[PDB]
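Chains as they are written, first to last, in full-length UniProt numbering: chain A, 41 to 764; chain B, 41 to 764.
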Ligand SMILES: N[C@@H](CNS(=O)(=O)NCc1ccc(S(N)(=O)=O)cc1)Cc1cc(F)c(F)cc1F
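Below you can see the structure in the form of structure tokens.
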């Protein structure tokens, strides 16, 4: 028995998850069969919190649910309908937990864009027709905070396309204060932002294709504009258009185009904002306090902190979020050090200078939790391995007092940890993601004792002893004075004296990491397990978590180094023994599809065939926030030269050497079908034959059940034939 | 040496044409190297009419030219830009032939939609921004006849999309009177006609794809509306909004949706109109005279003629044009007889009845010319062969006096004749199109003597003796009580004892003819000549020129019989000895790609693989005027059942048996990319793998140089591999 295509497509061998939501410092919620329980971390006793059959007679399939922090109500999400990556619209109902009743009066309206409880109690903020509405009690009418909401144009409390995708990574553009006093929120004006237009074909029943219009700023176009507002939730008369206090931006930002690039409450009346210049090498953090007499908000110029880089852009993808101390007069934040690595800096609100509380030739991944005693963070420090993630705690009173809480718990099975903390960090869950099978455990902060095994994946482990699994080799090579890391999926019973066909798996994007220690069951699995193909990945220049030395290498020169290094990576895998060098392939999605595409066009004659899924083909076509962060503006004064020098269309000729499969979803809002339509065009003009495949009404995911299957099947056939 | 792909793609062996424009009863114009001459048919003397170098210093490449009937001016078309099938826009200049001067005053403006001389003299009618303009003299200002012209909405003197394509087959919707007194013209209101919208990608330079919007009535939608107008060209004050006399329609037509479906001047003041009901089984011809006292036009109810069919629709694609006698009180017209064949009927203006002046089991193709002595017509009567076209003359005073003027002139080389007549029919050109090489000859009507050989294609004939050409077998088979014709391109040295792979070439549309006697040098040529593949065609039910018995068979049941008969055809070619029955393919464009598609989806297991280019996939998606002419309205009262039963989507499942290559131009206005996007979708839902290929910014012709090459190359590889 082997790991076949269908094993992968039909999810034959499921990985197990343990999904819990902390509701207190010592309690969380689990979902079981169809039941919601609640486990106690201190005792281990659990009690049915809601019973599976409670909504057999609801009449609607329940997509998701939310429980008000004070446990008084449960929010029922249904009639879900996806939009973009994180955005969607739904109907909502509120069920009363104290009683046993579905609230009928003053319900949350159909087509609601976003919804959220206050961090405390059961206040509701909800965006609907682009406008904000508040409900202090589930059964009472709602206070319409905004009136300016207009479709495709004004966004109140929700992001527009570009902010959703490239900045915040959610639909929601609002933010409760810790006790739920204030509702901070952002506003987006798409007024002069140009529309991307594309057909949507719908059911065969639909006689005329719908044209879809989306405010989308391509590289160097008119951006959306943003204002920020804070509202008081308490002072709300049922006969008063409620008063929203606009916090304006710093004037160092108001000189040109800017983006609001972070929002973090510090205390009950202190809120921190972070602003980014359109040229994204210079950032600023305001700290804004409440003038109780005025009702205004005051951002002291003395409390501002500047973040900037000389070597490139600011942040990994944006400037990091801050982690404030209970009182809120000092904060911790991840920044590049002088050597260019990403470590934690301790800041005093009024002191421009900070002090680095971690150091080394590694990078802090993220600050996970902060107490009066400790700061919890993830880094790749253990064994100088960047593919690995571990939980550490550092003594706030003694910065030389660092203990790894996860390194030693299972060195062979576990090297990729994520963490979930209880309120105020009494307990933590550790999720291990590889290189062995996923391992989920509970832990108490107090003494760092391993309470229990929540999931071991024994169930799966049993099935996998029956199946001929491939192995995963993670190593490095040395190119210049640097080690660059790579990973390989080796077919089961890998004989290093034979010659194998190799498929270079490509992403290669600024701050990518395709070489890590995670356990995966994907298509690559199948390709090694069954077709005895080596699927390799490699993190060349531009990849992240290895200091700005490597990451910023790609700066202002996209589609150059990261592309060259992937070709180089092939060369070196051939210098090892096991690679048939007349059957080397390359594939990629999105950025990786672009890189896959630049490679096939490089003339390097290293690769027989490649597949490009939803590739970017020319940077000018991609959105501004992402493109410019890397390439600045496409104008002869700024960077137009490297824009025009980095296209796939320019390399159209060299595809005469290779066999190319090009695949794009026609309803892709993210990388537009445009990009592939320009590619297919170029090739045709210079007479290169190739393979194409469009996916009707698919997006950037090609993620619908049928399509996902179809595309992956189709690509197999292609690689099979290409390799014979 | 063989006929390779490149031979075809790079036009290696050119067929020769002889293109002449009659300017008188005895003189025509020829174009040579770069010169315009004029030949005299009577003497044979020719004189340079315009010299090649006359416009070396013009500064613009001249796309086309027109010479005023009175030889006084030449119209120079340049900055040509194609729109749809017949429509385009251009700049114009007028060069004075009497003098030697390019007119500078009051020029014809850039972006002109259409332009035409009066049949006599040198009046100009020209449509520009949808409005009509007249110039009686090239140098004087122009009288703006219409003011109602609005883009995409009101069409003055030009057709909109659906009329252009499906009705008239030109851009122009105006009509001079014989001496150039009147300018009859049509008007089109697209006001509630729905828009087809589709992207256009342009040069890679273009950052946001252009959306293209076109008033296109899909089957059963809101149609454009039409009004008709006649103007007097003489009474034109340079300070008078000129008066256009609206001729309204008959009231048997005004009860519902109608189309103007023909316009033919009878005399200097008698004009004939033909109106068609939206349900296209009932037509009417008005005959409208000029009330000199009134300045109005009068369509006597006593002069109306009704044309209708019980077995289906009226006409081959529309009701025929009439041919009036010099005085204009009687006309000749081609209609179905009682047996259902298309012959000539002699009509008196006031008598409802006509008399058939031809009869038999064959069809009159068209009335070519009419004198006071004779009527010239083309028919397929010779040898009971429908694939063949011949020129006959019938004695107007004696209907039993018919002589074929072309049958016997070269029986072996020539069976497909077209004709070009001089003014009042003193001389005629015969174009022979096959089965041998094209042969162009000059003839005098008077005695029917063959004056000279204008082109013999000897030049080509020489090259083709060096090359291994395939042969062409035209035969029939008997299916029911009927003979259905087929044709076959046999590889060179065709050994009927061997087993050959066969490609069924498919069109199959209502009134199609793929089986004829014409000499072609296309892709099929290469496929037989080089890949020893038999390329067959077959004219099953629904095909034309074989009476309404066969043509109307397909009525109201599209995607049924014509599809079935093609499968049948295969069966029969296998019952002959020469066909490998494990390597039978099928291909088709437009209608033929739909039929290719319905077949591969029929489950008949006869065909290994097929290619569908720009196929219709569901009839509701195609335009009204074509679809309904065959299928009526798509409503449960009328025909919705056969609409829904005839889709390619419905046969998605069976494609599992075959290998399918689906090809569509993204910028196709005619058969929308929609149609293939619905097809590719269906297949993906039921899990059928297939092959796809889109062509960025190509139209329904995929006719751009590069693309034409690319597609035909791509299709070769597919057939090659499919046949091994
Ligand atoms: N839209 C871009 C950003 N996608 S993303 O929202 O997913 N940002 C990357 C990212 C990865 C990981 C994390 S983290 N470490 O917080 O989980 C944040 C952001 C990715 C992208 C790049 C392309 F080149 C492209 F063609 C399309 C595309 F979506």
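All residues carry an ideal CB built from backbone N, CA and C; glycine is no exception.
May I ask you to report which of helix, strand or coil DSSP gives residue i?
i, result
"residue 576(A)", "strand"
"residue 765(B)", "Residue 765(B) lies beyond the stretch modelled for chain B, which goes from 41 to 764, so this question has no answer here."
"residue 347(B)", "strand"
"residue 464(B)", "helix"
"residue 53(A)", "coil"
"residue 529(A)", "strand"
"residue 501(A)", "helix"
"residue 551(B)", "coil"
"residue 739(B)", "coil"
"residue 205(B)", "helix"
"residue 276(B)", "coil"
In terms of residues, what are the limits of the alpha helix (DSSP H) holding residue i?
i, result
"residue 610(B)", "601-615"
"residue 756(B)", "745-763"
"residue 668(B)", "664-671"
"residue 713(B)", "713-725"
"residue 590(B)", "587-591"
"residue 292(A)", "291-294"
"residue 183(B)", "Premise fails: residue 183(B) is in no alpha helix (DSSP H) and is neither H nor E."
Just to confirm the assignment, what range does the beta strand (DSSP E) spanning residue i have?
i, result
"residue 512(A)", "511-518"
"residue 372(A)", "370-376"
"residue 127(B)", "Taken as a continuous stretch (DSSP letters only), residue 127(B) belongs to no beta strand (DSSP E), as it is neither H nor E."
"residue 731(B)", "731-735"
"residue 625(A)", "619-629"
"residue 450(B)", "Premise fails: residue 450(B) is in no beta strand (DSSP E) and is neither H nor E."
"residue 564(B)", "Looking at the DSSP string, residue 564(B) is not in any beta strand (DSSP E); the run it does join, the alpha helix (DSSP H), is 563-569."
"residue 680(B)", "Where residue 680(B) is concerned, there is no enclosing beta strand (DSSP E), although the alpha helix (DSSP H) it sits in stretches over 680-685."
"residue 325(A)", "322-331"
"residue 388(A)", "382-388"
Is any beta-carbon of chain A found at less than 8 Å from that of residue i?
i, result
"residue 777(B)", "Because chain B here runs from 41 to 764, residue 777(B) falls outside it and cannot be looked at."
"residue 689(B)", "yes"
"residue 714(B)", "yes"
"residue 757(B)", "yes"
With 8 Å as the threshold, decide whether the Cβ of residue i is near any Cβ in chain B.
i, result
"residue 734(A)", "yes"
"residue 27(A)", "Residue 27(A) lies beyond the residue range present for chain A, which begins at 41 and ends at 764; the question has no answer from this structure."
"residue 706(A)", "yes"
"residue 697(A)", "no"
Got a sec: does ligand 2 put a non-hydrogen atom nearer than 7 Å to the Cβ of residue i?
i, result
"residue 661(A)", "You won't find ligand 2 in this model; what it holds is ligand 1."
| message | Please list, in chain order, the residues of the region 717-729 of chain A that have any C-beta partner in chain B closer than 9 Å. | response | The residues in question are 717, 718, 719, 720, 721, 722, 723, 724, 725, 726, 727, 728 and 729.
| said: For the region 238-254 of chain B, list every residue whose C-beta sits within 8 Å of some C-beta in chain A, in sequence order. | reply: Hits within the stretch, in order: 238, 239, 241, 244, 247, 248, 249 and 251.
| Contact set between the region 293-305 of chain A and chain B, restricted to residues whose Cβ is under 9 Å from the partner | The region 293-305 of chain A vs chain B, Cβ under 9 Å: nothing.
| task | Mind checking the region 653-682 of chain B against chain A and listing, in chain order, the residues whose C-beta falls within less than 8 Å of any C-beta there? | result | 658, 660 and 661
| Proximal residues, the region 738-755 of chain B versus chain A, C-beta separation under 8 Å | 746, 747, 749, 750, 753 and 754
| task | Output, in sequence order along the chain, the residues in the region 463-496 of chain A whose CB is closer than 9 Å to any CB in chain B. | result | none
| According to a CB-to-CB cut-off of less than 7 Å, which residues of the region 255-269 of chain B neighbour chain A? | 258
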